[PDB]
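File shown: coords.txt (compact mmCIF, C-alpha atoms).
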```txt
# COMPACT_ATOMS: atom_id res chain seq x y z
CA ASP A 16 19.46 -120.73 17.01
CA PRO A 17 16.65 -121.65 16.85
CA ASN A 18 16.44 -125.41 17.39
CA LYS A 19 15.82 -126.41 13.75
CA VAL A 20 16.52 -129.29 11.39
CA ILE A 21 18.53 -128.54 8.24
CA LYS A 22 18.64 -130.96 5.31
CA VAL A 23 21.27 -131.12 2.54
CA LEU A 24 22.36 -133.52 -0.22
CA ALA A 25 25.70 -135.10 0.65
CA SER A 26 28.02 -137.92 -0.36
CA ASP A 27 28.86 -140.99 1.71
CA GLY A 28 32.44 -141.13 3.01
CA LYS A 29 32.90 -144.75 1.93
CA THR A 30 31.29 -144.42 -1.57
CA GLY A 31 30.72 -141.23 -3.59
CA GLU A 32 26.99 -142.07 -3.83
CA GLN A 33 24.48 -139.34 -3.02
CA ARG A 34 22.28 -139.58 0.08
CA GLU A 35 20.42 -136.86 1.97
CA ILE A 36 21.49 -136.24 5.55
CA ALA A 37 20.01 -133.98 8.22
CA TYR A 38 21.33 -132.49 11.44
CA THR A 39 20.51 -129.92 14.10
CA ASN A 40 21.80 -128.33 17.35
CA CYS A 41 25.18 -127.18 16.02
CA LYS A 42 27.64 -124.79 17.61
CA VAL A 43 31.41 -124.23 17.36
CA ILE A 44 33.91 -126.43 19.25
CA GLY A 45 37.07 -124.73 17.96
CA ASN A 46 38.24 -122.06 15.53
CA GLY A 47 41.34 -122.26 13.34
CA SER A 48 42.22 -120.14 10.31
CA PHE A 49 41.92 -123.25 8.12
CA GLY A 50 38.61 -124.65 9.31
CA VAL A 51 35.74 -124.04 11.69
CA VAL A 52 34.58 -127.12 13.62
CA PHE A 53 30.89 -127.52 14.43
CA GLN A 54 29.41 -129.88 16.99
CA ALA A 55 26.06 -131.00 15.65
CA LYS A 56 23.64 -133.90 16.09
CA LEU A 57 22.90 -136.15 13.13
CA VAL A 58 19.15 -136.93 12.77
CA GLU A 59 18.97 -140.33 14.57
CA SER A 60 20.64 -139.23 17.79
CA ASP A 61 24.27 -139.59 16.75
CA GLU A 62 26.51 -136.68 17.79
CA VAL A 63 29.02 -135.41 15.18
CA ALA A 64 31.71 -132.91 14.22
CA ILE A 65 31.41 -130.94 10.98
CA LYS A 66 34.59 -129.30 9.65
CA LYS A 67 33.87 -126.38 7.32
CA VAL A 68 36.91 -125.31 5.24
CA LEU A 69 37.35 -122.92 2.31
CA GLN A 70 38.08 -124.88 -0.88
CA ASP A 71 39.46 -123.69 -4.23
CA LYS A 72 37.23 -125.56 -6.72
CA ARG A 73 40.20 -125.53 -9.15
CA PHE A 74 41.93 -128.32 -7.19
CA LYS A 75 41.68 -131.27 -4.76
CA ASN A 76 41.55 -131.11 -0.97
CA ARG A 77 44.66 -132.41 0.88
CA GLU A 78 42.41 -133.65 3.69
CA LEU A 79 39.41 -135.01 1.76
CA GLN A 80 41.46 -137.31 -0.52
CA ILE A 81 42.85 -139.00 2.59
CA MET A 82 39.59 -139.32 4.55
CA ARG A 83 38.10 -140.85 1.36
CA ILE A 84 40.85 -143.50 1.10
CA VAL A 85 41.01 -144.32 4.80
CA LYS A 86 38.88 -146.86 6.68
CA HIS A 87 40.06 -148.66 9.84
CA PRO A 88 38.77 -149.41 13.38
CA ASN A 89 41.47 -147.12 14.78
CA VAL A 90 41.33 -144.03 12.49
CA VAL A 91 38.38 -141.61 12.53
CA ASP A 92 35.38 -141.94 10.28
CA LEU A 93 34.27 -139.71 7.46
CA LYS A 94 30.51 -140.17 7.50
CA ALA A 95 29.46 -137.75 4.78
CA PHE A 96 30.97 -134.76 2.98
CA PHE A 97 29.04 -131.94 1.32
CA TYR A 98 29.69 -128.70 -0.54
CA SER A 99 28.29 -125.50 0.94
CA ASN A 100 28.03 -122.43 -1.27
CA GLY A 101 29.77 -119.27 0.01
CA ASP A 102 27.42 -116.64 -1.47
CA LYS A 103 26.90 -117.23 -5.24
CA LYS A 104 30.15 -118.06 -7.10
CA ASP A 105 32.67 -115.90 -5.17
CA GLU A 106 33.69 -118.86 -2.93
CA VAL A 107 32.88 -122.50 -2.06
CA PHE A 108 33.10 -124.40 1.27
CA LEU A 109 33.72 -128.08 1.92
CA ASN A 110 32.05 -129.66 4.96
CA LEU A 111 33.35 -132.88 6.48
CA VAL A 112 31.05 -134.91 8.75
CA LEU A 113 33.15 -136.82 11.25
CA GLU A 114 32.29 -139.09 14.21
CA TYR A 115 32.20 -137.10 17.45
CA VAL A 116 34.98 -137.04 20.03
CA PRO A 117 33.91 -138.38 23.46
CA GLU A 118 37.35 -137.64 24.89
CA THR A 119 41.09 -137.56 24.18
CA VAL A 120 44.12 -139.34 25.69
CA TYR A 121 45.21 -135.87 26.83
CA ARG A 122 42.12 -135.07 28.91
CA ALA A 123 42.18 -138.67 30.10
CA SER A 124 45.74 -138.06 31.35
CA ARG A 125 44.77 -134.70 32.90
CA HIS A 126 42.03 -136.52 34.83
CA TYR A 127 44.59 -138.84 36.50
CA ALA A 128 46.89 -135.88 37.23
CA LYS A 129 44.14 -134.38 39.43
CA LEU A 130 43.91 -137.67 41.34
CA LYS A 131 47.75 -137.52 41.66
CA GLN A 132 48.01 -141.12 40.39
CA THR A 133 49.54 -141.98 37.01
CA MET A 134 47.23 -143.74 34.49
CA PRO A 135 46.96 -147.57 34.70
CA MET A 136 49.79 -149.48 33.03
CA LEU A 137 47.48 -151.87 31.13
CA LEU A 138 45.46 -148.95 29.72
CA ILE A 139 48.73 -147.60 28.31
CA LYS A 140 49.35 -150.92 26.48
CA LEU A 141 45.82 -150.92 25.08
CA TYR A 142 45.94 -147.31 23.88
CA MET A 143 49.45 -147.47 22.46
CA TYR A 144 48.63 -150.79 20.76
CA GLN A 145 45.72 -149.27 18.88
CA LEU A 146 47.78 -146.21 17.84
CA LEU A 147 50.65 -148.26 16.45
CA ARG A 148 48.23 -150.46 14.48
CA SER A 149 46.56 -147.28 13.24
CA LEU A 150 49.96 -146.04 12.05
CA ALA A 151 50.95 -149.43 10.59
CA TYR A 152 47.85 -149.03 8.46
CA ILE A 153 48.01 -145.45 7.14
CA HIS A 154 51.78 -145.83 6.64
CA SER A 155 51.23 -148.94 4.49
CA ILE A 156 48.99 -146.75 2.32
CA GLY A 157 51.75 -144.06 2.26
CA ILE A 158 50.20 -141.50 4.66
CA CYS A 159 52.18 -139.54 7.24
CA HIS A 160 50.09 -137.99 10.00
CA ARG A 161 52.63 -135.31 11.02
CA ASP A 162 50.81 -134.54 14.32
CA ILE A 163 50.76 -137.63 16.58
CA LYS A 164 50.12 -136.18 20.05
CA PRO A 165 47.81 -136.80 23.06
CA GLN A 166 45.24 -134.19 21.96
CA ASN A 167 44.80 -136.03 18.64
CA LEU A 168 43.95 -139.42 20.11
CA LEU A 169 40.20 -140.09 20.31
CA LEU A 170 39.24 -142.05 23.42
CA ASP A 171 36.15 -143.85 24.70
CA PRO A 172 36.43 -144.42 28.51
CA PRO A 173 33.83 -147.25 28.72
CA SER A 174 34.83 -149.26 25.59
CA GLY A 175 38.55 -148.34 25.78
CA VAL A 176 38.98 -147.87 22.03
CA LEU A 177 41.49 -145.47 20.49
CA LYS A 178 41.08 -143.64 17.21
CA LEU A 179 43.66 -141.49 15.42
CA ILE A 180 42.16 -138.05 14.86
CA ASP A 181 42.87 -134.82 12.89
CA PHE A 182 44.28 -135.44 9.43
CA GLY A 183 44.43 -131.67 8.89
CA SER A 184 48.23 -131.58 8.78
CA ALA A 185 48.59 -135.05 7.25
CA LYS A 186 50.36 -135.57 3.93
CA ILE A 187 51.00 -138.56 1.68
CA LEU A 188 54.78 -138.65 1.23
CA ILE A 189 55.83 -139.06 -2.42
CA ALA A 190 59.54 -139.99 -2.63
CA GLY A 191 61.90 -137.11 -3.55
CA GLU A 192 59.47 -134.30 -2.74
CA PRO A 193 60.57 -131.69 -0.17
CA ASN A 194 58.23 -131.14 2.80
CA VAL A 195 57.95 -128.45 5.50
CA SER A 196 60.35 -129.03 8.42
CA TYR A 197 58.43 -126.97 10.98
CA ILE A 198 55.76 -129.63 11.60
CA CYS A 199 54.26 -131.53 14.61
CA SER A 200 53.69 -130.09 18.05
CA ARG A 201 57.05 -129.09 19.48
CA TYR A 202 57.46 -131.73 22.19
CA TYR A 203 56.75 -134.56 19.74
CA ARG A 204 58.76 -133.09 16.87
CA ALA A 205 61.32 -135.62 15.65
CA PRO A 206 65.00 -134.59 15.89
CA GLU A 207 65.57 -134.71 12.11
CA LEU A 208 62.81 -132.11 11.89
CA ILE A 209 64.69 -129.86 14.32
CA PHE A 210 67.69 -130.35 12.00
CA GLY A 211 65.45 -129.04 9.22
CA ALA A 212 65.39 -132.18 7.05
CA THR A 213 62.84 -131.97 4.22
CA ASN A 214 63.22 -135.52 2.93
CA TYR A 215 61.88 -137.28 6.06
CA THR A 216 59.61 -140.36 6.10
CA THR A 217 56.66 -141.74 8.14
CA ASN A 218 59.25 -142.74 10.76
CA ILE A 219 58.59 -139.30 12.32
CA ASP A 220 55.11 -140.41 13.41
CA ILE A 221 56.90 -143.24 15.21
CA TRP A 222 59.14 -140.77 17.07
CA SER A 223 56.04 -138.87 18.21
CA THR A 224 54.29 -141.98 19.59
CA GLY A 225 57.40 -142.66 21.68
CA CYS A 226 57.05 -139.19 23.20
CA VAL A 227 53.36 -139.97 23.73
CA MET A 228 53.97 -143.29 25.48
CA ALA A 229 56.63 -141.79 27.75
CA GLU A 230 54.33 -138.88 28.61
CA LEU A 231 51.62 -141.30 29.75
CA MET A 232 54.05 -143.00 32.16
CA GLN A 233 55.64 -139.71 33.26
CA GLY A 234 52.37 -137.84 33.74
CA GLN A 235 54.28 -134.99 32.06
CA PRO A 236 55.92 -134.38 28.61
CA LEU A 237 59.26 -136.15 28.07
CA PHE A 238 60.98 -133.29 26.26
CA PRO A 239 59.31 -130.05 27.42
CA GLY A 240 61.39 -127.74 25.18
CA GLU A 241 60.64 -124.03 25.43
CA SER A 242 61.57 -123.13 21.83
CA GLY A 243 62.87 -124.53 18.53
CA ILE A 244 66.53 -124.95 19.50
CA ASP A 245 65.80 -125.77 23.16
CA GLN A 246 63.78 -128.81 22.02
CA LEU A 247 66.93 -130.41 20.57
CA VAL A 248 68.78 -129.75 23.86
CA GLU A 249 66.09 -131.41 26.01
CA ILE A 250 66.51 -134.51 23.81
CA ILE A 251 70.33 -134.60 24.09
CA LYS A 252 69.90 -134.17 27.86
CA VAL A 253 68.49 -137.73 27.89
CA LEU A 254 69.53 -139.61 24.73
CA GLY A 255 73.05 -138.18 24.72
CA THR A 256 75.00 -136.48 21.94
CA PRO A 257 74.39 -137.63 18.36
CA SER A 258 77.24 -139.43 16.55
CA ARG A 259 78.79 -138.28 13.25
CA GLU A 260 76.86 -141.12 11.56
CA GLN A 261 73.71 -140.15 13.49
CA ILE A 262 73.77 -136.46 12.46
CA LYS A 263 74.64 -137.69 8.95
CA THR A 264 71.32 -139.58 8.56
CA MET A 265 69.23 -136.66 9.85
CA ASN A 266 70.72 -133.85 7.72
CA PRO A 267 74.18 -134.01 6.02
CA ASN A 268 74.57 -130.18 6.13
CA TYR A 269 74.27 -129.79 9.92
CA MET A 270 76.78 -132.61 10.56
CA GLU A 271 79.71 -130.34 11.48
CA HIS A 272 78.27 -127.84 14.03
CA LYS A 273 79.81 -127.75 17.52
CA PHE A 274 77.73 -129.56 20.19
CA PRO A 275 78.20 -129.95 24.00
CA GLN A 276 79.13 -133.51 25.10
CA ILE A 277 76.64 -135.25 27.42
CA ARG A 278 76.55 -139.01 28.15
CA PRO A 279 73.39 -141.09 27.41
CA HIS A 280 71.65 -141.03 30.81
CA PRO A 281 69.94 -144.48 30.56
CA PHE A 282 66.13 -144.83 30.54
CA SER A 283 66.11 -147.39 33.36
CA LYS A 284 66.95 -144.39 35.53
CA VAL A 285 64.81 -141.75 33.76
CA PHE A 286 61.52 -143.44 34.71
CA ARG A 287 59.94 -144.19 38.11
CA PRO A 288 61.40 -147.31 39.81
CA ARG A 289 58.15 -149.31 39.55
CA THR A 290 58.20 -149.11 35.74
CA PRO A 291 58.07 -152.43 33.77
CA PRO A 292 61.37 -153.22 31.99
CA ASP A 293 59.60 -154.06 28.70
CA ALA A 294 58.00 -150.60 28.48
CA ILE A 295 61.48 -149.10 28.98
CA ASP A 296 62.89 -151.25 26.16
CA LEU A 297 60.12 -150.34 23.69
CA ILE A 298 60.44 -146.57 24.21
CA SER A 299 64.21 -147.02 23.81
CA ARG A 300 63.75 -148.62 20.36
CA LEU A 301 61.29 -145.93 19.22
CA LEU A 302 63.43 -142.96 20.27
CA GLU A 303 66.42 -143.23 17.94
CA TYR A 304 68.18 -140.30 16.23
CA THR A 305 68.34 -142.28 13.00
CA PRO A 306 64.82 -142.52 11.48
CA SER A 307 65.58 -145.91 9.88
CA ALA A 308 66.81 -147.29 13.21
CA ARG A 309 63.41 -146.79 14.85
CA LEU A 310 61.08 -149.80 15.01
CA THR A 311 58.55 -149.51 12.19
CA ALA A 312 54.81 -149.17 12.69
CA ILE A 313 54.10 -152.95 12.56
CA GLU A 314 57.37 -154.18 14.12
CA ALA A 315 56.56 -152.32 17.35
CA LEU A 316 53.25 -154.23 17.66
CA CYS A 317 55.26 -157.46 17.89
CA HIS A 318 57.18 -156.17 20.94
CA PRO A 319 56.96 -158.29 24.16
CA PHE A 320 55.26 -155.23 25.64
CA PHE A 321 52.07 -156.11 23.78
CA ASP A 322 51.89 -159.76 24.94
CA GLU A 323 49.54 -159.12 27.88
CA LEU A 324 46.91 -158.25 25.27
CA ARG A 325 47.47 -161.35 23.13
CA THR A 326 46.58 -163.92 25.82
CA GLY A 327 42.92 -162.83 25.85
CA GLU A 328 42.94 -163.21 29.64
CA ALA A 329 43.33 -159.53 30.53
CA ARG A 330 40.40 -157.24 31.33
CA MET A 331 39.87 -153.50 31.90
CA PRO A 332 39.98 -151.97 35.42
CA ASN A 333 36.43 -151.09 34.32
CA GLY A 334 35.85 -154.85 34.67
CA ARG A 335 34.75 -155.06 31.02
CA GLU A 336 36.22 -157.14 28.16
CA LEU A 337 38.77 -155.38 25.90
CA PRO A 338 37.88 -153.89 22.41
CA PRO A 339 38.69 -155.38 18.96
CA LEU A 340 42.47 -155.68 18.58
CA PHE A 341 42.81 -158.72 16.34
CA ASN A 342 40.13 -158.29 13.63
CA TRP A 343 42.84 -158.16 10.96
CA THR A 344 42.21 -157.74 7.24
CA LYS A 345 44.10 -159.40 4.39
CA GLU A 346 45.43 -155.95 3.44
CA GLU A 347 46.62 -155.24 7.00
CA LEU A 348 48.73 -158.38 7.35
CA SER A 349 50.10 -158.40 3.79
CA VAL A 350 52.33 -155.39 4.53
CA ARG A 351 54.48 -157.79 6.57
CA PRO A 352 53.66 -161.52 6.06
CA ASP A 353 57.04 -162.11 7.66
CA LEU A 354 55.64 -161.37 11.14
CA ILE A 355 52.21 -163.05 10.90
CA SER A 356 52.96 -165.34 13.88
CA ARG A 357 53.03 -162.57 16.52
CA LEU A 358 50.24 -160.33 15.24
CA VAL A 359 47.69 -163.17 15.29
CA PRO A 360 47.50 -165.21 18.51
CA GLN A 361 46.02 -168.72 18.05
CA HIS A 362 42.91 -167.83 20.11
CA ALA A 363 41.40 -165.75 17.28
CA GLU A 364 42.60 -167.79 14.26
CA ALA A 365 39.05 -169.06 13.61
CA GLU A 366 38.03 -166.48 10.97
CA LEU A 367 39.51 -166.34 7.43
CA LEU A 368 42.86 -166.24 5.49
CA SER A 369 44.37 -169.12 7.56
CA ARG A 370 48.06 -170.10 7.07
CA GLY A 371 48.31 -169.81 3.29
CA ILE A 372 50.43 -166.85 2.11
CA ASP A 373 47.24 -165.11 0.90
CA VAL A 374 49.29 -161.97 0.07
CA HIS A 375 47.43 -158.97 -1.42
```

Is it possible to give me this structure as structure tokens?
Amino acid sequence: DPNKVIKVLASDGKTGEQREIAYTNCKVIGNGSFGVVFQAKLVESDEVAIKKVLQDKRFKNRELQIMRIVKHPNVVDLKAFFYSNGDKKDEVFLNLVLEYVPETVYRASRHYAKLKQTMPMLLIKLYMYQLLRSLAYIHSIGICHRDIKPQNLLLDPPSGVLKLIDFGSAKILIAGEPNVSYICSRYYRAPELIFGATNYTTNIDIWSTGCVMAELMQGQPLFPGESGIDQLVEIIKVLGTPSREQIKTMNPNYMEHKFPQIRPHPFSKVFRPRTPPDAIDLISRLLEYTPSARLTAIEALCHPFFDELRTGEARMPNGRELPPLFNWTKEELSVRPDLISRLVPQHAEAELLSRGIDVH
């Protein structure tokens, strides 16, 4: 307090150009050791989040560099960023201004769990579609999120849009660099991570989304492991025991250890009886022990599961029309020209790019 406007010179998220911004009514939403998050109101009546982190002026910010190079309907939005002085020279803070979070897939799911009904099947398609596209994008630009989980999925109940949120633990994966194994929230941690691999790829974000999808249908986490080692057990309890070749691809050093033998208890039986057989198939092709064997970010979008969205005949249980899903860019499609037929249904073709290769 009090209720007061504070002005500061900032830089636009899209271009480094300087523009003044002003905001008021800020208080803390959450407190980590690596950033305080403020909920403020940008002068116009647009609610925001400001993330204030300590930043060593002697090098770049992991997070900033990504937010700067990332624009997409399904990621979050860096509005402005600005540097706040600590005291004099002793330290310097970096403030990120990010679009506010109406809700999250998690709290959405919690809502339905009170009403004892699982969340609508179509809504799952719509949410998971947007996530996968969001991945397909950042992955194409080399970025691994390393934290895909319900809590980090921005939601907007009326409009039904999804946005990938929290790039705080995200890293751009340069080939041949070792990376921390203890990453992701436990439930959604990929098996190769539990095997301590340090040479993993974006395929891990794919694993996580599988655990997310399942959780939405189950109303409860698929692999609710209680610790590090237990998490690997919970997975074997469903997928079965990994093969010699399977454990080979995850981590060649752990490929000899003695493991209990349990048969792959099929998914068709793991889910409720009323569950669509296409949803079962998709999850099955996302949850593979071998990272390369998992459907890639784009490939998944072309699954039969996401056909009910491509007709343009489906509507929300809200009654409303469904959000942008097909406003593709040249960049977006060029990652896989191969599969241009599925991604674009004929009903939206009237825009640009056409049928010519048009590869960027």

- Residue contacts of residue 220 of chain A (7 Å, all atoms listed in the file) excluding same-chain residues fewer than 5 positions away, as an MDAnalysis selection string: chainID A and resid 159:161 163

Within 8 Å of residue 233 of chain A, counting all atoms listed in the file, which residues show up once you throw out same-chain ones fewer than 3 positions away? Write them as a PDB file with C-alpha atoms, keeping the file's coordinate frame, please.
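Dumped to around.pdb:
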```
ATOM      1  CA  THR A 133      49.540-141.980  37.010  1.00  0.00           C
ATOM      2  CA  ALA A 229      56.630-141.790  27.750  1.00  0.00           C
ATOM      3  CA  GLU A 230      54.330-138.880  28.610  1.00  0.00           C
ATOM      4  CA  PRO A 236      55.920-134.380  28.610  1.00  0.00           C
ATOM      5  CA  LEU A 237      59.260-136.150  28.070  1.00  0.00           C
ATOM      6  CA  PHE A 286      61.520-143.440  34.710  1.00  0.00           C
ATOM      7  CA  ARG A 287      59.940-144.190  38.110  1.00  0.00           C
TER       8      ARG A 287
END
```

Once you count all atoms listed in the file, what closest atom pair and distance in Å to one decimal does each residue of segment 108-167 of chain A within 12 Å of segment 181-202 of chain A have, with rows by chain and rising residue number, as a tab-separated table?
```
residue	atom	partner	partner_atom	distance
A:111	CA	A:183	CA	11.4
A:113	CA	A:181	CA	10.1
A:114	CA	A:181	CA	11.5
A:115	CA	A:181	CA	11.8
A:116	CA	A:181	CA	10.9
A:119	CA	A:181	CA	11.8
A:153	CA	A:187	CA	9.3
A:154	CA	A:187	CA	8.8
A:155	CA	A:187	CA	10.8
A:156	CA	A:187	CA	8.5
A:157	CA	A:187	CA	5.6
A:158	CA	A:187	CA	4.3
A:159	CA	A:186	CA	5.5
A:160	CA	A:185	CA	4.3
A:161	CA	A:199	CA	5.5
A:162	CA	A:199	CA	4.6
A:163	CA	A:199	CA	7.3
A:164	CA	A:200	CA	7.3
A:165	CA	A:200	CA	10.2
A:166	CA	A:181	CA	9.4
A:167	CA	A:181	CA	6.2
```

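Remark: for residue 125 of chain A, the closest of the candidate residues A:235, A:32, A:61, A:206 is A:235 (distances computed over only C-alpha atoms).
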
- Query: Leaving out residue 247 of chain A and any residue of its chain fewer than 3 positions from it, which residues lie within 12 Å of it when counting all atoms listed in the file, given as a list in words?
  - Reply: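 Skipping anything fewer than 3 positions along the chain leaves residues 201, 202, 203, 204, 205, 206, 207, 208, 209, 210, 211, 238, 239, 240, 241, 242, 243, 244, 250, 251, 252, 253, 254, 255, 256, 257, 274, 275 and 304 of chain A.
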
Fill-in result for segment 273-291 of chain A, N, CA and C atoms as a PDB file, keeping the file's coordinate frame:
```pdb
ATOM      1  N   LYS A 273      79.257-127.422  16.208  1.00  0.00           N
ATOM      2  CA  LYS A 273      79.810-127.750  17.520  1.00  0.00           C
ATOM      3  C   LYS A 273      78.697-127.994  18.547  1.00  0.00           C
ATOM      4  N   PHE A 274      78.728-129.168  19.185  1.00  0.00           N
ATOM      5  CA  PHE A 274      77.730-129.560  20.190  1.00  0.00           C
ATOM      6  C   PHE A 274      78.357-129.999  21.522  1.00  0.00           C
ATOM      7  N   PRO A 275      77.816-129.497  22.655  1.00  0.00           N
ATOM      8  CA  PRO A 275      78.200-129.950  24.000  1.00  0.00           C
ATOM      9  C   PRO A 275      78.117-131.478  24.162  1.00  0.00           C
ATOM     10  N   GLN A 276      79.069-132.055  24.894  1.00  0.00           N
ATOM     11  CA  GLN A 276      79.130-133.510  25.100  1.00  0.00           C
ATOM     12  C   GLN A 276      78.460-133.944  26.402  1.00  0.00           C
ATOM     13  N   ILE A 277      77.374-134.706  26.271  1.00  0.00           N
ATOM     14  CA  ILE A 277      76.640-135.250  27.420  1.00  0.00           C
ATOM     15  C   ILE A 277      76.407-136.746  27.205  1.00  0.00           C
ATOM     16  N   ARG A 278      76.687-137.547  28.235  1.00  0.00           N
ATOM     17  CA  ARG A 278      76.550-139.010  28.150  1.00  0.00           C
ATOM     18  C   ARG A 278      75.093-139.481  28.243  1.00  0.00           C
ATOM     19  N   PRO A 279      74.725-140.489  27.418  1.00  0.00           N
ATOM     20  CA  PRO A 279      73.390-141.090  27.410  1.00  0.00           C
ATOM     21  C   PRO A 279      72.933-141.596  28.780  1.00  0.00           C
ATOM     22  N   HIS A 280      72.264-140.713  29.520  1.00  0.00           N
ATOM     23  CA  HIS A 280      71.650-141.030  30.810  1.00  0.00           C
ATOM     24  C   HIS A 280      70.524-142.058  30.603  1.00  0.00           C
ATOM     25  N   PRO A 281      70.783-143.337  30.964  1.00  0.00           N
ATOM     26  CA  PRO A 281      69.940-144.480  30.560  1.00  0.00           C
ATOM     27  C   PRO A 281      68.498-144.384  31.055  1.00  0.00           C
ATOM     28  N   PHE A 282      67.570-144.914  30.259  1.00  0.00           N
ATOM     29  CA  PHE A 282      66.130-144.830  30.540  1.00  0.00           C
ATOM     30  C   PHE A 282      65.723-145.501  31.843  1.00  0.00           C
ATOM     31  N   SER A 283      66.374-146.622  32.147  1.00  0.00           N
ATOM     32  CA  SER A 283      66.110-147.390  33.360  1.00  0.00           C
ATOM     33  C   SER A 283      66.116-146.487  34.590  1.00  0.00           C
ATOM     34  N   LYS A 284      66.787-145.347  34.456  1.00  0.00           N
ATOM     35  CA  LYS A 284      66.950-144.390  35.530  1.00  0.00           C
ATOM     36  C   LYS A 284      66.050-143.165  35.343  1.00  0.00           C
ATOM     37  N   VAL A 285      65.625-142.922  34.102  1.00  0.00           N
ATOM     38  CA  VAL A 285      64.810-141.750  33.760  1.00  0.00           C
ATOM     39  C   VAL A 285      63.344-141.909  34.188  1.00  0.00           C
ATOM     40  N   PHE A 286      62.891-143.154  34.295  1.00  0.00           N
ATOM     41  CA  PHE A 286      61.520-143.440  34.710  1.00  0.00           C
ATOM     42  C   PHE A 286      61.441-143.812  36.186  1.00  0.00           C
ATOM     43  N   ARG A 287      60.227-143.759  36.737  1.00  0.00           N
ATOM     44  CA  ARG A 287      59.940-144.190  38.110  1.00  0.00           C
ATOM     45  C   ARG A 287      60.449-145.626  38.324  1.00  0.00           C
ATOM     46  N   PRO A 288      60.769-146.001  39.580  1.00  0.00           N
ATOM     47  CA  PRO A 288      61.400-147.310  39.810  1.00  0.00           C
ATOM     48  C   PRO A 288      60.475-148.488  39.489  1.00  0.00           C
ATOM     49  N   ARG A 289      59.175-148.271  39.672  1.00  0.00           N
ATOM     50  CA  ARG A 289      58.150-149.310  39.550  1.00  0.00           C
ATOM     51  C   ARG A 289      57.844-149.687  38.097  1.00  0.00           C
ATOM     52  N   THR A 290      58.474-148.978  37.164  1.00  0.00           N
ATOM     53  CA  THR A 290      58.200-149.110  35.740  1.00  0.00           C
ATOM     54  C   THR A 290      58.673-150.447  35.162  1.00  0.00           C
ATOM     55  N   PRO A 291      57.772-151.166  34.456  1.00  0.00           N
ATOM     56  CA  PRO A 291      58.070-152.430  33.770  1.00  0.00           C
ATOM     57  C   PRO A 291      59.259-152.294  32.813  1.00  0.00           C
TER      58      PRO A 291
END
```
